[PDB]
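Undergrad: Please see the structure below; I have some questions.
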Amino acid sequence: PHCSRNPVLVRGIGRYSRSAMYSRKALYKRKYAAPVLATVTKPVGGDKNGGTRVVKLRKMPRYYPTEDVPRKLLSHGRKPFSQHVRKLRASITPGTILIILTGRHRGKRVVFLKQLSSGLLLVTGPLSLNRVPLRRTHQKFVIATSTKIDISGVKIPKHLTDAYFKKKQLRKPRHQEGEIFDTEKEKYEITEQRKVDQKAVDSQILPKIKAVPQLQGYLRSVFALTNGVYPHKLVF
Amino acid sequence: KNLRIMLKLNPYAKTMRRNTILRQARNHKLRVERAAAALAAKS
Amino acid sequence: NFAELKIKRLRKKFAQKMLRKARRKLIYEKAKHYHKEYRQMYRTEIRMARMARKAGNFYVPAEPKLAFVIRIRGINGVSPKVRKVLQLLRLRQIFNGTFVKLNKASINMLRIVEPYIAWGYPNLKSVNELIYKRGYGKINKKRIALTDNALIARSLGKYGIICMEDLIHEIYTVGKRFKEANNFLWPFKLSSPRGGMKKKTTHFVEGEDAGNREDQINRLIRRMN
Amino acid sequence: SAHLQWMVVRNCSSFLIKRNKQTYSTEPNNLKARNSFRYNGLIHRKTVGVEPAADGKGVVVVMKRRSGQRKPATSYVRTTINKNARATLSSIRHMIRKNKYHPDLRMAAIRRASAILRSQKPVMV
Amino acid sequence: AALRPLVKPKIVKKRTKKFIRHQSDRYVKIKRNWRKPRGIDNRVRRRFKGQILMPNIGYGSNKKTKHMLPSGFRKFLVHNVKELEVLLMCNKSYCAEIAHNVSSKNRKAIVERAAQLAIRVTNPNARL
Amino acid sequence: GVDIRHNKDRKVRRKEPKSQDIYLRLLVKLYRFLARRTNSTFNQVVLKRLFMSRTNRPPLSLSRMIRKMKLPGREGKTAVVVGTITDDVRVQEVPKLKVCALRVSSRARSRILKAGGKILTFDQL
RNA sequence: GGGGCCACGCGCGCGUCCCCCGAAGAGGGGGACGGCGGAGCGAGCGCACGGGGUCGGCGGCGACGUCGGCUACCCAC
RNA sequence: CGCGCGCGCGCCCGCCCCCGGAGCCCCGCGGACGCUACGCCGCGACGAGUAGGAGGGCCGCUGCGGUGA
Ligand SMILES: [Mg+2]
Ligand SMILES: [Mg+2]
Ligand SMILES: [Mg+2]
Ligand SMILES: [Mg+2]
Ligand SMILES: [Mg+2]
Ligand SMILES: [Mg+2]
Ligand SMILES: [Mg+2]
Ligand SMILES: [Mg+2]
Ligand SMILES: [Mg+2]
């Protein structure tokens with residue numbers, strides 16, 4: 001299996017024509033002139049009395065509805081979410097500093113590690129300073145500043161995934177009757193594995209931060225707007 | 001605007017479209033390096 | 001005796017795949033010829049005048065063969081003689097348009113309905129943008145979109161016209177089979193000018209839109225389409 | 001003939017119902033109970049019908065005898081069958097298909113039967 | 001719990017109010033029922049701005065959902081069990097509604113059977 | 001807007017017979033199918049004349065028929081009418097014919113069959 | 001050994017013709033063309049996607065004084 | 001005119017069942033979830049209105065004949 005011998009020039013067009021690709025992949029010297037209900041097909045079995053038996057798979061229905069619904073027609077390119085192409089704005093690069101502006105950890109300044117395989121960003125506004133841990137965040141509910149540091153030398157573990165930053169609730173074994181149904185401890189409690197992860201990272205992030213002077217107060221402060229500060233004027 | 005719906009009708013336009021790109025890029029290359037040559041010859 | 005029939009159908013599919021591959025090769029090549037045609041007809045004009053400006057002469061180029069026509073005034077307060085001439089040209093509604101060929105018969109008609117129209121001497125790009133984008137066919141006294149060449153050929157291939165480019169050739173070069181190609185087309189339904197007009201009640205010498213605005217018609221088409 | 005009977009019975013009939021922009025028919029042996037040529041028991045030389053047992057267990061099937069018409073007393077055959085709802089449908093499917101008795105009524109029969117058997121249980125606990 | 005119909009497309013109604021007759025706000029001999037005006041000097045007829053609006057066919061409603069309740073079902077009126085059993089097969093498109101003149105002792109019967117056959121009733125608790 | 005006129009955009013032909021004679025309507029069911037599913041125009045014509053009214057279906061006389069079929073070439077060929085056949089007592093020599101029509105008078109019926117002729121209907125046609 | 005050809009399968013011819021070995025023609029290379037022999041040959045996968053009108057094999061929050069309810073009672077603008 | 005042109009199976013010669021069901025978009029065995037044919041489906045263009053003319057009214061009021069076990 002050879003990777004494609006036709007390069008790309010623009011999406012949907014290649015750099016070569018028919019006659020040339022013919023010659024490259026050598027379609028010359030590659031000429032191939034190559035030119036009663038009795039049959040019980042799948043089901044089988046064996047048992048005791050009267051001889052043997054032939055058991056029949058995928059048995060027929062019991063109950064038919066009174067009215068059914070027809071099928072759909074076909075379409076081209078309606079992929080699912082696990083198959084899309086992920087994009088990213090240009091002003092976001094590993095080490096950049098970003099302003100959160102929607103949630104509970106609102107209006108804080110944090111640090112960007114990388115982008116996962118779902119379009120969501122991994123953020124550590126290091127817990128000592130901002131009181132903000134490893135989280136997932138959306139690239140569009142955030143601002144990127146023009147203020148940066150060098151992070152290339154750093155070890156992010158493999159096991160850190162969208163499957164790991166997942167919520168876990170909605171338990172079916174319930175009475176289904178009473179003043180209940182958010183009562184299985186009602187609360188969130190922290191594992192140790194998270195702690196271990198936060199420590200092992202900020203150990204090697206944080207020294208790089210202190211190589212910049214005054215970079216801590218910027219990461220303990222909080223952003224806001226005031227009188228005479230119009231945001232389209234101010235560059236970030 | 002749509003490549004295929006154009007070319008279902010007129011197939012030759014894929015070739016005319018493949019041309020007019022390679023030509024531009026080649027023409028871009030010459031001006032830049034040559035204008036660079038004189039500029040470096042200025043200073 | 002079933003296998004004989006199966007083989008008979010599987011053969012007979014050859015009749016259709018081979019024909020289609022042939023025809024798609026046909027359409028390719030003609031367009032490649034037409035490419036060469038249009039260049040020569042462009043550069044040839046230039047070559048003449050340079051050859052003539054070298055001497056002290058001049059060059060009176062040919063006169064145009066076809067025209068594009070738009071209607072700009074409505075249907076309210078109009079004369080009988082003029083209501084007739086428009087509905088021969090198939091302009092029964094505002095901002096519709098049709099091509100037309102030029103001779104003593106046509107030109108006098110255009111002088112009669114001068115104040116209500118705006119016409120010009122178009123180029124090749126405008127013919128492309130009209131027909132592909134906003135260009136439909138008249139078929140069985142219905143209005144049907146040009147999505148594929150089956151429609152064109154089936155109704156119009158007895159003239160040697162089997163695709164879009166063959167029209168455009170037949171139109172741009174006013175050919176022998178112009179009448180049929182145009183009357184196949186429904187009159188183009190356009191949108192109002194993006195950017196605005198100066199004053200529709202006057203001629204295009206007094207700051208208006210009416211009359212002949214020969215080469216500047218194309219500037220306008222960019223904004224209606 | 002059938003169409004002749006029909007062209008009288010479109011609009012005027014005692015089994016006819018017309019209210020609320022709907023139109024139903026209540027003649028015996030009418031599957032889907034609508035006013036139609038394809039679905040009407042009194043019109044054809046071949047018809048099939050399905051009803052519930054009077055004792056209150058199983059399904060009653062009805063088929064016409066084709067030989068002596070115009071004597072309605074002994075024109076209809078009946079059977080009552082009471083099994084586990086997969087044997088019951090399969091039995092029906094075999095009657096119609098293997099005898100070619102009006103085979104454009106197959107699934108209509110089945111849906112009517114299943115409806116009955118679904119009802120003919122403790123639908124309430 | 002509640003019997004689900006087969007499909008539940010969204011419903012859209014071009015007009016939601018009613019059309020009142022003209023000059024019915026002044027007077028009491030005049031009613032709310034639409035009667036078309038036919039005078040010469042009249043301005044609803046002549047369609048000025050800021051006036052009553054007259055019903056035409058463009059307000060007309062889509063046909064996939066016409067006479068369709070908010071619950072997806074269409075309606076049907078009964079008087080006894082006999083004409084109820086005709087709905088067995090259309091038990092997911094149409095619903096039942098019992099008349100006003102039926103007695104208490106018989107409503108119980110009809111409900112008891114509609115519940116078996118899975119035929120929804122749009123007024124199951126009236127007299128009691 | 002569009003400067004056109006709507007005074008002549010409905011056409012004033014028939015689409016169906018205005019009567020409730022049911023035997024007529026079954027004939028109409030038939031010839032629509034043949035007109036819809038065949039490559040002929042004979043079918044078209046007949047369909048158009050079964051809609052017509054009765055002053056557009058005047059009676060044909062046994063006399064004219066003989067004159068029009070004794071002409072050369074029209075030997076052995078069927079005669080077809082969309083109305084009534086009367087008798088003309090001013091004719092004595094009635095030869096062999098193969099007529100098709102809707103109605104046929106009684107005196108005319110006898111003479112035609114007594115020459116060895118034959119009478120058909122549109123069904124058997 | 002320049003960039004470019006919807007060029008193409010090669011074995012001896014089906015041909016009008018021609019550059020040349022060759023006398024106008026046959027034989028040799030091919031070309032312009034028609035084209036089809038004295039050859040032309042045809043399965044299994046996939047991207048499909050700028051292809052005959054949208055799907056998510058993607059999610060979160062919320063509960064005896066709160067949720068929904070155009071239409072229909074009042075008031076304001 | 002190269003998505004069939006002679007493909008396959010036993011032993012060139014022969015077989016050449018084949019949908020009471022092939023295999024995926026044409027099956028010339030019969031059929032729509034549609035077939036109240038006074039029905040169902042699909043395309044494309046149009047919609048001002050006095051006097052006035054026509055049609056459809058499962059809009060309505062009182063009574064007669066049949067019919068809703
Ligand atoms: Mg005016
Ligand atoms: Mg603007
Ligand atoms: Mg102005
Ligand atoms: Mg004026
Ligand atoms: Mg309303
Ligand atoms: Mg007036
Ligand atoms: Mg009018
Ligand atoms: Mg008229
Ligand atoms: Mg009107």
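Every chain in the structure tokens has a letter given in the order shown (A, B, ...), and although residue numbers restart at 1 in each chain, ligands are simply numbered from 1 in the order shown.
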Compile the residues of chain E that lie within 12 Å of chain H, evaluated using only C-alpha atoms (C1' of nucleotides), and express the compilation as a PDB file with N, CA, C and O atoms, in the first residue's frame.

TA:
ATOM      1  N   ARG E  38     -70.170  45.889   2.693  1.00  0.00           N
ATOM      2  CA  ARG E  38     -70.506  46.048   1.287  1.00  0.00           C
ATOM      3  C   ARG E  38     -70.854  47.478   0.913  1.00  0.00           C
ATOM      4  O   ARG E  38     -71.345  47.708  -0.198  1.00  0.00           O
ATOM      5  N   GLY E  39     -70.610  48.428   1.774  1.00  0.00           N
ATOM      6  CA  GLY E  39     -70.861  49.803   1.441  1.00  0.00           C
ATOM      7  C   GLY E  39     -69.849  50.381   0.506  1.00  0.00           C
ATOM      8  O   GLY E  39     -68.798  49.813   0.238  1.00  0.00           O
ATOM      9  N   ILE E  40     -70.210  51.547  -0.015  1.00  0.00           N
ATOM     10  CA  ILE E  40     -69.414  52.237  -1.008  1.00  0.00           C
ATOM     11  C   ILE E  40     -68.319  53.063  -0.372  1.00  0.00           C
ATOM     12  O   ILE E  40     -67.191  53.085  -0.868  1.00  0.00           O
ATOM     13  N   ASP E  41     -68.607  53.715   0.738  1.00  0.00           N
ATOM     14  CA  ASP E  41     -67.661  54.603   1.386  1.00  0.00           C
ATOM     15  C   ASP E  41     -66.839  53.900   2.449  1.00  0.00           C
ATOM     16  O   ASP E  41     -66.146  54.568   3.215  1.00  0.00           O
ATOM     17  N   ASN E  42     -66.868  52.576   2.497  1.00  0.00           N
ATOM     18  CA  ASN E  42     -66.275  51.849   3.606  1.00  0.00           C
ATOM     19  C   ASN E  42     -64.812  51.572   3.350  1.00  0.00           C
ATOM     20  O   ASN E  42     -64.390  51.397   2.210  1.00  0.00           O
ATOM     21  N   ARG E  45     -63.310  47.415   3.510  1.00  0.00           N
ATOM     22  CA  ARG E  45     -63.386  47.030   2.111  1.00  0.00           C
ATOM     23  C   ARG E  45     -62.258  47.648   1.300  1.00  0.00           C
ATOM     24  O   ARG E  45     -61.509  46.941   0.622  1.00  0.00           O
ATOM     25  N   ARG E  46     -62.123  48.969   1.358  1.00  0.00           N
ATOM     26  CA  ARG E  46     -61.084  49.672   0.625  1.00  0.00           C
ATOM     27  C   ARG E  46     -59.699  49.513   1.237  1.00  0.00           C
ATOM     28  O   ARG E  46     -58.738  50.010   0.652  1.00  0.00           O
ATOM     29  N   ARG E  47     -59.566  48.832   2.371  1.00  0.00           N
ATOM     30  CA  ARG E  47     -58.275  48.415   2.924  1.00  0.00           C
ATOM     31  C   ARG E  47     -57.343  49.574   3.269  1.00  0.00           C
ATOM     32  O   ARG E  47     -56.207  49.626   2.804  1.00  0.00           O
ATOM     33  N   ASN E  56     -58.841  36.003   4.058  1.00  0.00           N
ATOM     34  CA  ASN E  56     -58.614  35.473   2.747  1.00  0.00           C
ATOM     35  C   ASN E  56     -58.086  34.067   2.930  1.00  0.00           C
ATOM     36  O   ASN E  56     -58.117  33.511   4.022  1.00  0.00           O
ATOM     37  N   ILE E  57     -57.598  33.494   1.838  1.00  0.00           N
ATOM     38  CA  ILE E  57     -57.159  32.118   1.822  1.00  0.00           C
ATOM     39  C   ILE E  57     -55.669  31.970   2.078  1.00  0.00           C
ATOM     40  O   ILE E  57     -55.172  30.845   2.173  1.00  0.00           O
ATOM     41  N   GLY E  58     -54.938  33.070   2.214  1.00  0.00           N
ATOM     42  CA  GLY E  58     -53.526  32.991   2.499  1.00  0.00           C
ATOM     43  C   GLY E  58     -53.210  32.696   3.935  1.00  0.00           C
ATOM     44  O   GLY E  58     -52.124  32.195   4.231  1.00  0.00           O
ATOM     45  N   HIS E  79     -71.187   8.076  20.644  1.00  0.00           N
ATOM     46  CA  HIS E  79     -72.369   7.940  21.464  1.00  0.00           C
ATOM     47  C   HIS E  79     -72.503   6.577  22.108  1.00  0.00           C
ATOM     48  O   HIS E  79     -73.370   6.410  22.966  1.00  0.00           O
ATOM     49  N   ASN E  80     -71.711   5.594  21.702  1.00  0.00           N
ATOM     50  CA  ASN E  80     -71.785   4.261  22.273  1.00  0.00           C
ATOM     51  C   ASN E  80     -70.558   3.460  21.870  1.00  0.00           C
ATOM     52  O   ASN E  80     -69.767   3.872  21.022  1.00  0.00           O
ATOM     53  N   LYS E  82     -70.338   0.773  20.202  1.00  0.00           N
ATOM     54  CA  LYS E  82     -70.373   0.129  18.899  1.00  0.00           C
ATOM     55  C   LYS E  82     -69.569   0.906  17.870  1.00  0.00           C
ATOM     56  O   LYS E  82     -68.811   0.323  17.088  1.00  0.00           O
ATOM     57  N   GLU E  83     -69.716   2.216  17.865  1.00  0.00           N
ATOM     58  CA  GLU E  83     -68.978   3.095  16.978  1.00  0.00           C
ATOM     59  C   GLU E  83     -67.618   3.476  17.532  1.00  0.00           C
ATOM     60  O   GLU E  83     -66.956   4.344  16.958  1.00  0.00           O
TER      61      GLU E  83
END

Undergrad: Chain A residues within 10 Å of chain E, counting only C-alpha atoms: which ones, as a PDB file with N, CA, C and O atoms, in the first residue's frame?

TA:
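Resulting contents of out00.pdb:
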ATOM      1  N   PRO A  65     -47.087  -3.446  15.253  1.00  0.00           N
ATOM      2  CA  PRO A  65     -47.849  -2.230  15.523  1.00  0.00           C
ATOM      3  C   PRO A  65     -49.049  -2.130  14.604  1.00  0.00           C
ATOM      4  O   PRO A  65     -49.234  -2.925  13.685  1.00  0.00           O
ATOM      5  N   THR A  66     -49.881  -1.131  14.866  1.00  0.00           N
ATOM      6  CA  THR A  66     -51.020  -0.866  14.004  1.00  0.00           C
ATOM      7  C   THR A  66     -50.674   0.042  12.846  1.00  0.00           C
ATOM      8  O   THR A  66     -51.326  -0.024  11.799  1.00  0.00           O
ATOM      9  N   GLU A  67     -49.667   0.889  13.013  1.00  0.00           N
ATOM     10  CA  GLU A  67     -49.220   1.789  11.973  1.00  0.00           C
ATOM     11  C   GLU A  67     -47.753   2.068  12.193  1.00  0.00           C
ATOM     12  O   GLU A  67     -47.330   2.339  13.317  1.00  0.00           O
ATOM     13  N   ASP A  68     -46.994   1.997  11.116  1.00  0.00           N
ATOM     14  CA  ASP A  68     -45.565   2.224  11.119  1.00  0.00           C
ATOM     15  C   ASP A  68     -45.260   3.513  10.373  1.00  0.00           C
ATOM     16  O   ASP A  68     -46.159   4.222   9.913  1.00  0.00           O
ATOM     17  N   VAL A  69     -43.970   3.796  10.253  1.00  0.00           N
ATOM     18  CA  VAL A  69     -43.469   5.048   9.706  1.00  0.00           C
ATOM     19  C   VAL A  69     -42.452   4.702   8.623  1.00  0.00           C
ATOM     20  O   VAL A  69     -41.640   3.788   8.827  1.00  0.00           O
TER      21      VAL A  69
END

Undergrad: As an MDAnalysis selection string, list the residues of stretch 1-80 of chain D assigned to alpha helix (DSSP H) by DSSP on the backbone atoms of this structure.

TA: chainID D and resid 2:9

Undergrad: Tell me as a PyMOL selection string which residues belonging to chain G come within 12 Å of chain A, counting only C-alpha atoms (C1' of nucleotides).

TA: chain G and resi 4-10+39-43+45+47-60+62-64

Undergrad: Go ahead and write the selection's residues with C-alpha atoms (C1' of nucleotides) as a PDB file, in the first residue's frame.

TA:
ATOM      1  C1'   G G   4       3.411  20.388 -21.120  1.00  0.00           C
ATOM      2  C1'   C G   5      -0.715  15.769 -24.341  1.00  0.00           C
ATOM      3  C1'   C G   6      -9.118  12.668 -21.982  1.00  0.00           C
ATOM      4  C1'   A G   7      -1.672  10.122 -25.746  1.00  0.00           C
ATOM      5  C1'   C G   8      -2.398   4.155 -25.070  1.00  0.00           C
ATOM      6  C1'   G G   9      -1.979  -0.683 -24.791  1.00  0.00           C
ATOM      7  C1'   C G  10       1.505  -3.000 -27.596  1.00  0.00           C
ATOM      8  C1'   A G  39      -4.721  -6.987 -30.469  1.00  0.00           C
ATOM      9  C1'   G G  40      -8.196  -3.695 -27.799  1.00  0.00           C
ATOM     10  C1'   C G  41      -9.816  -7.381 -22.323  1.00  0.00           C
ATOM     11  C1'   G G  42     -11.257  -6.483 -16.804  1.00  0.00           C
ATOM     12  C1'   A G  43     -12.898  -7.254  -9.890  1.00  0.00           C
ATOM     13  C1'   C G  45     -11.763  -1.568  -1.357  1.00  0.00           C
ATOM     14  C1'   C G  47     -12.121   9.328   0.004  1.00  0.00           C
ATOM     15  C1'   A G  48     -17.315   9.785  -1.271  1.00  0.00           C
ATOM     16  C1'   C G  49     -17.961  15.311  -1.047  1.00  0.00           C
ATOM     17  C1'   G G  50     -17.063  22.073  -3.358  1.00  0.00           C
ATOM     18  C1'   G G  51     -21.771  15.171  -6.214  1.00  0.00           C
ATOM     19  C1'   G G  52     -30.293  13.603  -6.706  1.00  0.00           C
ATOM     20  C1'   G G  53     -33.044  20.200  -0.173  1.00  0.00           C
ATOM     21  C1'   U G  54     -29.327  18.358   7.719  1.00  0.00           C
ATOM     22  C1'   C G  55     -27.392  15.641  10.969  1.00  0.00           C
ATOM     23  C1'   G G  56     -25.272  15.171  15.401  1.00  0.00           C
ATOM     24  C1'   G G  57     -22.164   6.751  16.897  1.00  0.00           C
ATOM     25  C1'   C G  58     -22.330  15.939  21.096  1.00  0.00           C
ATOM     26  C1'   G G  59     -23.910  18.238  25.752  1.00  0.00           C
ATOM     27  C1'   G G  60     -25.598  21.096  30.417  1.00  0.00           C
ATOM     28  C1'   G G  62     -33.762  22.553  37.235  1.00  0.00           C
ATOM     29  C1'   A G  63     -37.776  21.313  41.304  1.00  0.00           C
ATOM     30  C1'   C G  64     -44.842  23.186  47.369  1.00  0.00           C
TER      31        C G  64
END

Undergrad: Let me have all residues with an atom within 10 Å of ligand 5, counting only C-alpha atoms (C1' of nucleotides) and all ligand atoms, laid out as a ChimeraX atom specification.

TA: /E:13-19,59-61 /G:71

Undergrad: May I have the residues within 10 Å of stretch 26-38 of chain G as a list in words, using only C-alpha atoms (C1' of nucleotides) and disregarding those fewer than 6 positions away in the same chain?

TA: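 So, after excluding close chain neighbours, the residues are residues 11, 12, 13, 14, 15, 16, 17, 18, 19 and 20 of chain G; 1 of chain H.
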
Undergrad: Determine, for each residue of chain C having at least one atom at most 9 Å from an atom of ligand 1, the closest pair of atoms and their separation in Å to one decimal, counting only C-alpha atoms and all ligand atoms; order by chain and ascending number, as a Markdown table.

TA:
| residue | atom | partner | partner_atom_place_in_ligand_line | distance |
| --- | --- | --- | --- | --- |
| C:73 | CA | ligand 1 | 1 (Mg) | 8.9 |
| C:74 | CA | ligand 1 | 1 (Mg) | 8.2 |
| C:75 | CA | ligand 1 | 1 (Mg) | 8.7 |
| C:76 | CA | ligand 1 | 1 (Mg) | 5.9 |
| C:77 | CA | ligand 1 | 1 (Mg) | 5.8 |
| C:78 | CA | ligand 1 | 1 (Mg) | 8.5 |

Undergrad: As an MDAnalysis selection string, could you give me every residue of chain C near chain B (at most 12 Å apart, counting only C-alpha atoms)?

TA: chainID C and resid 23:35 128:129 131:133 146:152 162:166

Undergrad: Separation of atom CA of residue C:65 and atom CA of residue C:173, in Å?

TA: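 Atom CA of residue C:173 lies at a distance of 7.8 Å from atom CA of residue C:65.
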
Undergrad: Looking only at the backbone, which of the residues in chain E does DSSP tag as strand (DSSP E), as a PyMOL selection string?

TA: chain E and resi 77-78+97-98
